[PDB]
Amino acid sequence: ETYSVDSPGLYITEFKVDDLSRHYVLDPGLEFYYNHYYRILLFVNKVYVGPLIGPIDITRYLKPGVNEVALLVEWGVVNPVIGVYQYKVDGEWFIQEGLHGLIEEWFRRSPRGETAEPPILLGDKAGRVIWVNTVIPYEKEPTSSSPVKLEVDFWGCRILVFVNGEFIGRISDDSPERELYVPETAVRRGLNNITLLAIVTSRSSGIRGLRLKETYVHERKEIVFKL
Amino acid sequence: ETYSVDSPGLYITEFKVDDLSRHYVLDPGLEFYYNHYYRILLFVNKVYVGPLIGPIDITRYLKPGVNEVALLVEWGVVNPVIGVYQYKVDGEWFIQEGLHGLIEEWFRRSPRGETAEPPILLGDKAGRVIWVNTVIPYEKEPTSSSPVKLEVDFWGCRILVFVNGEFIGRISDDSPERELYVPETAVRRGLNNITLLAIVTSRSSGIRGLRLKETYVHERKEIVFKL
Amino acid sequence: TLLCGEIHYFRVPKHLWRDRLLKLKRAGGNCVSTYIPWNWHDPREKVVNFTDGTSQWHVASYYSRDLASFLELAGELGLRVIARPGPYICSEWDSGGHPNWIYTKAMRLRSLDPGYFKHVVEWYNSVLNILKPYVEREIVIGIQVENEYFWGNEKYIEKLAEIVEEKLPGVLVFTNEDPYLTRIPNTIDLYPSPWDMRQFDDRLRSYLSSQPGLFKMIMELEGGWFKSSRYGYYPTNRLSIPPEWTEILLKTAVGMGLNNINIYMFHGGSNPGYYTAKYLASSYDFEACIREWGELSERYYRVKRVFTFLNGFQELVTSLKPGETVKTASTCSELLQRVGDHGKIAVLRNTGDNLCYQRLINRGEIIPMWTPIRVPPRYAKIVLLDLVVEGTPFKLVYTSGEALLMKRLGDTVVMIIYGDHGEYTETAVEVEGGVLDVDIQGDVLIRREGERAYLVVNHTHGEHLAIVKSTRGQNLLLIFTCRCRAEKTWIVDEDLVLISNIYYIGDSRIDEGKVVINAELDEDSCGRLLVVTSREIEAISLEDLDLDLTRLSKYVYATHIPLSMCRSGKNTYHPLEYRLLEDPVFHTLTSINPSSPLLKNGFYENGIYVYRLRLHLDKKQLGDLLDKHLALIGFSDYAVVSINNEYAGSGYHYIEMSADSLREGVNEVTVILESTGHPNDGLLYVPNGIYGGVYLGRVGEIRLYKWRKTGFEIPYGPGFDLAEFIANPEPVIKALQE
Amino acid sequence: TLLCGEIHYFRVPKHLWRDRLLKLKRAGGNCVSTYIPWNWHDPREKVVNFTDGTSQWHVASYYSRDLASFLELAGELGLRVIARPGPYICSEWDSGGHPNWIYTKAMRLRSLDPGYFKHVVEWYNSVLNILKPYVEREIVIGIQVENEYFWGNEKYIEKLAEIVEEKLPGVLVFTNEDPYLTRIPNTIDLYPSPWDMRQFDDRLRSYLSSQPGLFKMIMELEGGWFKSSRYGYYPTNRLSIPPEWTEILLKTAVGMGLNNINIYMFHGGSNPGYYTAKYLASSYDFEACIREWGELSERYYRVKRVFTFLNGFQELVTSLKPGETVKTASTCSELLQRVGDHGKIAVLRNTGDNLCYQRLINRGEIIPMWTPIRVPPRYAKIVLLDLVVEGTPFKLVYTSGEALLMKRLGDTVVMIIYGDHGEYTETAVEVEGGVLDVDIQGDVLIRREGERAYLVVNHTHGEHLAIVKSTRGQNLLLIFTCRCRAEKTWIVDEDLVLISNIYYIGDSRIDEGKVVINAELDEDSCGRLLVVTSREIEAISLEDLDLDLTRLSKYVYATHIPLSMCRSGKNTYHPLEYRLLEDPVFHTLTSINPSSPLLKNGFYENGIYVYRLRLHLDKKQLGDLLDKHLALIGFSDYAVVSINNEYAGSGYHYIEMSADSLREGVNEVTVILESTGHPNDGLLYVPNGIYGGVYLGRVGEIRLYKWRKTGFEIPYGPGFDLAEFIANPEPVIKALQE
């Protein structure tokens, strides 16, 4: 009956598998992901798989020939697809929390780097973390009378911003604005070491420039009344 | 039945007069006045007076005892009232178009005036026309890259603005903004004679200041392609 | 198709006409609307001006009557013209266009009255003789006979149209908004309140069914609204019109199949002193696309994307009809659909402030396979379907992103497609000779299945390129940009497209070697400039700084405008000195009859007048009531009153002074009166000056609030003259008949 | 009454807490809401912080856990506090408040699970011990037990509330939005789309009838909305919230009789690095009253007028009930009415973009006689009726202008009333000892009729004064201002009111001689300053410039800040140099089991992780399909993948790399993974890291779009636990029963 599966209810659909030798990985679609996650409960055949975390290998829950998917969506949207894979790949896994330059605090003091011109091309360096370090002069006392936004012009990167070693924020290609507010507690009178950790995400990447913009400059005037 | 008389239809109401010795002047109310005038037709008794121009002496159309008003409002709003007056005042009338300082072009060149401090009080001078003449330095070539708005801070006045003798516009207490755009054809590089004809309307009047503000300052850059 | 902004040469300084008309051409406008106001050209019952000359203290030297130069300049810029030469123009102008001497000639305006219409024939002979050469040059394409005669008499508008069809053979002739016309085309003036799509869609659907086979146009779409004194508000009276709203109305009008659109005020500009309606501001900024001071607002860039699409896909958009065969998968967007000879369009409208994710069903299959169509909040997306790219093997089966533009460069079609940052758009390309290969730059994912390449693109602050090659050696270059770089794309020549952050691209010198363009940069304007062209660009420079080039592909050059080039600045300038002079007010006085309008006395100008009244009073002051007021009543729209040289009161149409300074004998009353403008209807004589009189006391105040409402119907229709009805009203019969 | 902004001490730098809380006090806010997020204070299953200390690279030194100092500072500023200490807070925060170690402890969050609830009891013992002294000081006035448990189980919220009622005797304890509570008060979180008054009025009317005798509050009114990556938009995701809208909702809530209002984000501020929800921006500006950078937006000044009225007339507003006895004369504004012990209010709401002119009928008579009530477009006007000014002979029978404020200065009541420029407001004053006289300054017109003075005022850019004297020697000073000067009025002391153009008035030193205030001036801030006070002001200075004084009346001083004082400026600063360093990425590696979440491995932080996978491949690559992809599937919210040191792909939860660089034997895959935050619901464990796996080929793609929808009802109510239902779902019965 319905194409959307996008509104509260219990939805059922039916699909067919040949041999059970493949891996059947259910993707909930880009519609599903929200900052407040969607209460959608997956069943494969009559068996409960779980709430939708994200993508799931459903191969355990399915049988040769015809199968069902049910979705009790209480709230939110999905657009489910099953990707079918020849193998799931064996290997030992290891983790690190953070990165070498991050856990050595290169945002406080990096080693020296090579100088680059303002259009920094990074798409060659894709798959890697580049630290772009800059000094910006700010020759005046920093105040909430003249707040500072750092604007980064870039593409193809996920960039973490640090000002004088204080972590300011993140910017990504799909972030809604290219500006971070940097507080008067981060900014220094004199030189500001403003540093970008760019995880370089694409063969097109680059940073085109930095600016600190004062959003406005108000006069704080002390007004005095003799009685 | 209805209080409003504010929507299309023929409305009738009834009122009483004692003696026919007074003047009965119908006011259509401040609701009635619009830049595109309201199609509202007045009848007093069964006799057509006319479309509503504004306030009308209806005494010709009314009879001792009970009277009717009818209003074919095709479009727009009224809130009619009759003011009742003891006399209409006899006297010869005279006109001038404009004013002496206006028809002598004091906006091109006035005589010299006395200097005033920036908070110019005018409420003493109510009922009169004061010319406030100023010179503003504008030390750069005027362009549509950096348009100029004159902001006047004032109250109690109807002020006509002239820049270098070119008529820029009017501002009044009830005008929606205190800024006039002054074109690059009005502004001069060097000194600008910016002049206000203030007809002083109230015992509270004054001008608090003038500024030319550049709304923004864009760079016009000549971009060139070799082939 | 006509894609218009309205830009009034009588509200823009003559020096700025090229600056404002080129901003319209650079938006994708291909036509200018303007009024030609009768009172701008014949103010004073003398000679029609038609030049840079002026003879009013309130009209600056830089405002011009030189319509012939505006028509030639619209011709230089390649814009067509809709002339709105009506005796009536509305437009929040003085008298709505009528010159204030006609109130002496005619009691019944906007009619076939021989008083009014004789003078309208003189006006039409004047303006149509000015228009004729520019009509024969095909610059002036359509003549609009008057604004908004809502009430219907075909006879009057057909006589207006017959004068035009006599003096200007074969032109378009039409009325703004008269529902009752049979042979003369009618247009629409759609000014809906924000998010009221119910009225906008129903007025469009009503209008599109009217007058079979005759020309359809939105002669006035909401590009903003005006501001007033007395009852007005800063941006507009309404109070602000969302830039999102104007774009939803444009894309809705396109989706409903109305090709011809005029944005009404594309610039607005400024009222020349007392050439303005009663209570209007001197600003006619209108909150327009181009603000009064020349600023490209958010509305400009939004409008510019729609007008760029409607040029780029003009062949598609003129071939369209209703069809109603595509379905949505989810009710989260409203679908307005059209089908055509060589392609199809789905306008997906999201009037909500939530983001919508949508799928379309075209031939019993969901078209975008790996992505939903993102439909932004407060938005309408033109999804483009089944488009056969003409003279090429390429069919653009769908794009989930909006196409901005399509262009042909030798072997290559170029198409520009956009989405927001982090939007996934899928574009399906079907090649009738098979796909030979696909080249890419940036975050483009290729899926190839038979004769189709499916191109899934993650939009970012730059261009992603895909070059689909056909086996036949024809190519399709798809360029994928964020929305703000599609907004700041300029077709500065038919063989030069600049995709940029640049605020405006301005004038050009397309020389046979060393091309030059007049870019205007704001503090956002730096970063990458991407140039699409068949010209072999050897270098790019900005203001003699050399810029670095990368030739991305045969037709494409990237370069960077450094972030050090642009500046942020907003300076203010203050007086050296303030000098005061009291005006003696009185030059010379001439006698006027009591209550007579100053136009019956030959004063056809608005603006300041001073009356002196020499009022006579006597022992009847002892017969005056305890309230003891003097009232000045029935005057035009502002006065300041002084009684025996003492200031006594000020106000708009009625002032009730305390009579403190009256005496026995002769009393001088001075009334400095300012007339702001006549009203901008064209039906009522609202006189300038004191049309009422001066009155004593206040015996009482009879408030009128016990109304009976009797339901009378005004007989509007093809035979109904509103000026005859205002002069000879039939409700006298219904007042007699209860 | 509680008039709150929400200002999160965990999103504002500790230095800026006074700067932001004093901006709220200066708006007329008399209370602060805040969450107290559990994961802000116990990030890592160790010790609750409660200090300026930090131990995360992503949380700047200037963000603080020192809630005790925020509560003392709210106490210094005289603000009360609503503490929202829930184990869950929502708020677009990381895990919606839960510390990411609880996912190891409890499979069923927001429940009476002994896994979850044992750790919630430890959290409530921690935070309620911090709150107790500030609760006993009456600084903390109300405890909100968790955000938005919509689904209903009374048992869980009553156990949360019972811990609070045990540790903090006699406080207000309540839930955000649970419809099913009997004894525990419930609030509302009204976030309606612009101009949808239908939902706002119906949710208010529903809510006000619920829970007889228990506390009513809007615990979250729409003060703006948040912005996201991936699906978000610049101002907010919605996309912009009109400042006109928030004020109409405030004045509607007042007119519907809801006294207690929290604007939700009054400041918003900033998310501290990876303390943010999945896909949120680091900006939590929220488009709030105070923007993230400290700017007073249009919403601030609008909100400030309502919150100033609700303080100034608190005695009136707390005495109110429905009444529904006043009528409008015209349907152009919607009337919401209240009646009270010593006065009455009519909220006239104009949701339209036209200006409305209105009359009210109170006792069978139209009240405003010589003026209509102007109701602006997109506006609600509080008309104030029948108000007996307490302890005085004065009754303010009506005002057609909005009263901003009322204050008592010895013999004098001061009332500030406003309208727009060129608005006529009429104010009727009835004096129970008779009017002795009326003094005036400015464009005030007096009509006297028995015990009444009717005051008709033409509003302009200044103050008009009327001083009505009673025969008893009590006085009423009415001050009439334009709307923008009521917006920029500050009660900097209870005996010092500044009516001004000034942008902000800031901190104060109310010394026993030489009072000082910290004014902040923008380029609009110059012009007249009008000071209302019982203090004998001998001089006013600005930054040691002497300002000229006029003492207008006993309690009032005018002075002028010169237009030369303010400056317009917006500078930009650029790098001297850019220096590049490649990070070697790898510090040290520890082994993890395939598909195991990094939180099951003790990594409770969000942010960057690098995985190394040593994948084994062999002759089975000859058994792989022609598509030859490698897919990384089921990982937390961003990864960049490299295969045998060649970059292979990036994306959000699923990446399908082309397997170009795979080989026989051991393959190194590096996954630089960034986890943006957990989601801000508190029900689902959405794990950080790779919770899925790595897969080969693409044999096929089964699209799922032929759904049957079976209409199942989730049994929400006072007995329903959503976490039990997510763990043990009953639709298994309805799947068996077709």
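Residues numbered from 1 in each chain as written, not as in the entry; some residues may be left out. Chains lettered and ligands numbered in written order. Heavy atoms only, no water.

- Identification of chain C as Beta-galactosidase from Desulfurococcus amylolyticus is taken from the PDB entry.
- Recorded in the entry header as its title is "Archaeal highly thermostable GH35 family beta-galactosidase from Desulfurococcus amyloliticus".
- The record held by UniProt for chain C lists under Sequence similarities (unreviewed entry) the comment "Belongs to the glycosyl hydrolase 35 family." (UniProt positions renumbered as here; feature names shortened; annotations may be inferred.)

- Chain A is annotated in the PDB entry as Beta-galactosidase from Desulfurococcus amylolyticus.

A word on the overall build of chain C
Alright, step 1. Of regular secondary structure, chain C possesses 13 helices and 43 strands.
Alright, step 2. For chain C, the spread of C-alpha atoms along the principal axes amounts to about 105 × 70 × 50 Å.
Alright, step 3. Out of the 738 residues belonging to chain C, those deemed buried represent 68%.
Alright, step 4. Considering only contacts within chain C whose residues lie at least 6 apart along the sequence, 68% involve residues at least 24 apart.
Alright, step 5. A gap of 2 Å separates the mean positions of the 79 positive and 95 negative side-chain charges of chain C. (Helix = DSSP H or I, 4+ residues; strand = E, 2+ residues; numbered from the N terminus. Buried < 20%, exposed > 50% of the residue type's maximum accessible area, 1.4 Å probe, protein only. Contact = heavy atoms within 4.5 Å. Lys, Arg positive; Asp, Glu negative; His and termini not counted. Charge placed at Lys NZ, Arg CZ, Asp CG, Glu CD.)

Focus: the overall build of chain A
Alright, step 1. A tally of regular secondary structure across chain A gives two helices and 19 strands.
Alright, step 2. The C-alpha radius of gyration of chain A comes to 26 Å, more than 25% above the 17 Å expected for a compact globule of 227 residues.
Alright, step 3. Dimensions of chain A, computed from C-alpha atoms along their principal axes, come out at roughly 85 × 55 × 25 Å.
Alright, step 4. Expressed as a percentage of its 227 residues, the buried residues of chain A come to 71%.
Alright, step 5. When contacts within chain A are restricted to residue pairs at least 6 apart in sequence, those whose partners lie at least 24 apart make up 76%.
Alright, step 6. As presented, chain A carries roughly 7,500 Å² of accessible surface, and 47% of it is formed by carbon and sulfur atoms.
Alright, step 7. For chain A, the distance from the average site of its 26 positive side-chain charges to the average site of its 31 negative ones is 5 Å. (Rg over C-alpha atoms; globule rule 2.2 N^0.38 Å. Areas by Shrake-Rupley, 256 points an atom, 1.4 Å probe, with all protein chains shown as cover.)

Considering helix α8 (residues 243-255) of chain C
Residues and elements named next belong to chain C.
Alright, step 1. An ideal rise of 1.5 Å per residue puts 18 Å on 13 residues; α8 measures up with 19 Å between its terminal C-alpha atoms.
Alright, step 2. With 13 of 13 residues buried, α8 lies mostly within the body of the structure.
Alright, step 3. Count one or two residues on from α8 and you reach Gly257, which has phi positive near 95°. (Expected span 1.5 Å × (residues − 1).)

As for the interface of chain D and chain A
Alright, step 1. With 167 residues of chain D in contact, the opposing surface of chain A contributes 141 residues.
Alright, step 2. Interface area, chain D with chain A, both sides summed: about 14,400 Å², of which 62% is carbon and sulfur.
Alright, step 3. It is D:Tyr573, D:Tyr578 and D:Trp707 in chain D that bury the most area against chain A; as a group they hold 7% of the surface buried on that side.
Alright, step 4. On the surface where chain D and chain A come into contact, there are five salt bridges.
Alright, step 5. Notably, a salt bridge pairs D:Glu520 with A:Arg220, separated by 2.8 Å at the nearest N-O pair.
Alright, step 6. The interface formed by chain D and chain A holds 76 residue pairs in polar contact in total.
Alright, step 7. Considered class by class, the residues forming the side of chain D that touches chain A number 92 nonpolar, 36 polar and 39 charged.
Alright, step 8. Pairing between strand β18 (residues 206-214) of chain A and strand β32 (residues 572-573) of chain D: two bridges, direction antiparallel. (Buried area = accessible area lost by both parts, 1.4 Å probe. Salt bridge = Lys/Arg side-chain N within 4 Å of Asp/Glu carboxyl O. Polar contact = N/O pair within 3.5 Å; in protein donor to acceptor, adjacent residues only side chain to side chain. Nonpolar A, V, L, I, M, F, W, Y, C, P; charged D, E, K, R; others polar. Pairing = 2+ DSSP bridges.)

Structural notes on a negative patch on the surface
Alright, step 1. On the surface, A:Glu117, C:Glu543, C:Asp544, C:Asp546 and C:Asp548 cluster together into a patch of negative charge.
Alright, step 2. By relative accessible area, which is 75% here, C:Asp544 ends up exposed. (Patch = residues over 30% accessible without salt bridge, like charges linked within 9 Å, V, L, I, M, F, W, Y side chains within 5 Å.)

A few points about the side chain of D:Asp189
Residues and elements named next belong to chain D.
Alright, step 1. One can find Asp189 in the loop between β5 (172-174) and α7 (197-209).
Alright, step 2. Among buried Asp, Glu, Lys and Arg side chains, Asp189 stands out as unpaired, with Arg84 the closest opposite charge at 5.9 Å.
Alright, step 3. For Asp189, the side chain forms a polar contact with the side chain of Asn176, separated by 2.7 Å.
Alright, step 4. The residues contacting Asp189, other than those within four sequence positions of it, are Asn147, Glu148, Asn176, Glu177, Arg203, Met219 and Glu220.

Let's talk about the nonpolar core
Alright, step 1. Counting residues in hydrophobic clusters, the biggest one holds 597 residues, and the most contacted among them are A:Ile207, B:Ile207, C:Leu131 and D:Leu131.
Alright, step 2. The residues touching D:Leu131, leaving out its near neighbours within four places in the chain, are D:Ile36, D:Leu67, D:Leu71, D:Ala83, D:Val140 and D:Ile143. (Core = buried A, V, L, I, M, F, W, Y, C linked by side-chain atoms within 4.5 Å.)

Description of the sheet that holds strand β14 (residues 394-399) of chain C
Each strand in a sheet pairs with another by means of backbone hydrogen bonds, the pair being arranged parallel or else antiparallel.
Residues and elements named next belong to chain C.
Alright, step 1. Within the open sheet, the seven strands sit side by side as β8-β9-β13-β14-β17-β20-β19. Their pairing is antiparallel. Each edge of the sheet is formed by a strand with only one pairing partner; in this case those strands are β8 (334-339) and β19 (444-449). Going from strand to strand, the sheet's axes swing by 20° on average, the running direction of each strand aside.
Alright, step 2. Note that strand β17 (residues 424-431) and strand β20 (residues 452-458) share seven bridges and pair antiparallel. Residue pairing in the sheet places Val429 in a bridge with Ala453 of β20. (Axes fitted to C-alpha atoms, helices over the stretch in contact; angles between N-to-C directions.)

Digging into the pattern of salt bridges
Alright, step 1. The tally for this structure, following the rule as stated, stands at 130 salt bridges over all chains.
Alright, step 2. For the salt bridge of C:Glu674 with B:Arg158, the shortest nitrogen-to-oxygen distance reads 2.8 Å. You can see C:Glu674 sitting in strand β40 (residues 665-675) and its partner B:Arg158 sitting in strand β14 (residues 157-163), one on each of two chains. Of the two residues, C:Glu674 and B:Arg158, neither departs from the other in class, the shared state being buried.
Alright, step 3. With a closest N to O distance of 2.7 Å, C:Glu146 and C:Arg110 form a salt bridge. A residue pair is termed long-range when its members are at least 10 positions apart, and C:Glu146 in the loop between β4 (140-144) and α6 (154-167) and C:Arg110 in the loop between α4 (102-105) and α5 (114-136) qualify at 36 residues.

Thoughts on the domain arrangement of chain A
Alright, step 1. With domains assigned, chain A is organised as domain 1 (9-85) and domain 2 (117-214).
Alright, step 2. For domain 1 of chain A versus domain 2 of chain A, the distance between C-alpha centres works out to 40 Å. (Domains from an automatic or database assignment.)

Re the pairing of strand β2 (residues 31-35) of chain C
Successive residues of a regular strand alternate their side chains across the two faces of the sheet.
Residue and element names in this part refer to chain C.
Alright, step 1. When you tally the buried positions in β2, you get five out of five residues, the bulk of the element.
Alright, step 2. Burial of the side chains of β2 extends over both faces: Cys31, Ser33 and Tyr35 are buried on one face and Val32 and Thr34 on the other.
Alright, step 3. With three bridges connecting them, strand β1 (residues 3-6) and β2 associate as parallel partners. Looking at the pairing, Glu6 lines up with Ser33 of β2.
Alright, step 4. This β-α-β element, β1 to helix α1 (residues 17-25) to β2, shows right-handed connectivity. (Right-handed = clockwise from strand over helix to strand, strands pointing away.)

Thoughts on the state of the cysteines
Alright, step 1. Using the criterion set out here, one finds zero disulfides over all chains in the structure.
Alright, step 2. The thiol sulfur of A:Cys157 is not disulfide-bonded, and the nearest other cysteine sulfur, from C:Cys482, lies at 15 Å.
Alright, step 3. Looking at D:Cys526, it has no disulfide partner, and the nearest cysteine sulfur is the one in D:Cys566, 3.5 Å off. (Disulfide = S-S within 2.5 Å.)

Side note on the domain arrangement of chain C
Alright, step 1. According to the domain assignment, chain C contains domain 1 (3-312), domain 2 (319-487), domain 3 (507-570) and domain 4 (607-696).
Alright, step 2. Distance between the C-alpha centres of domain 1 of chain C and domain 3 of chain C: 36 Å.

What about the packing of α8(C) against helix α9 (residues 298-312) of chain C?
All names here are of chain C.
Alright, step 1. The contact between α8 and α9 brings their axes to 8 Å, and the two run at 15°. It follows from the interaxial angle that α8 and α9 lie roughly parallel. Crossing of α8 against α9: the hand is right-handed. Taken together, the residues of α9 that come into contact with α8 (itself represented by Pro243, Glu244, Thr246, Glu247, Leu250, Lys251 and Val254) are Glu298, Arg299, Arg302, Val303, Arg305, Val306, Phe307 and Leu310. (Parallel < 35°, antiparallel > 145°, perpendicular 65-115°, else oblique. Left-handed = near helix turned anticlockwise from the far one by under 90°.)

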